[PDB]
């Protein structure tokens, strides 16, 4: 149904890497070529998974599994849980950085109009 300049209606710029990577299907040759609906859907799915924090690699694996299995709902459920747990790990890492920044900033004296900043000194060593 669509031509790829169209179908970039999924909010993706004209993307050969996706089918180059097997994620997206190959288009079919119409009046010669060249057109891509279930691909529209697969591309929505992929775009949103990426907005949900799945890497392209993860999406590659996931799609292989769901495509080849009988219980697709179960697969997808499982991967979504693994994703929740991944996001939680990222969150914790950011919290660890926040805490570091906090300790750094708490190093500063009452009078901060000085050349010597314990933050800079600390990060310099």
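Positions refer to the first chain, counted from 1.
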{"property": "Extent of unmodelled deposited sequence, residue 37 relative to residue 36", "result": "1 to 3"}
{"property": "Chain break class for residue 30 to residue 31, judged by how many deposited residues have no coordinates", "result": "1 to 3"}
{"property": "Entry-level comparison of average CA B-factors, 63-71 and 78-86, reporting the higher stretch", "result": "63-71"}
{"property": "99-107 versus 17-25 - which carries the larger mean C-alpha B factor in the record", "result": "17-25"}
{"property": "Third of the chain, ranked by Cα B-factor, where residue 119 sits", "result": "lowest"}
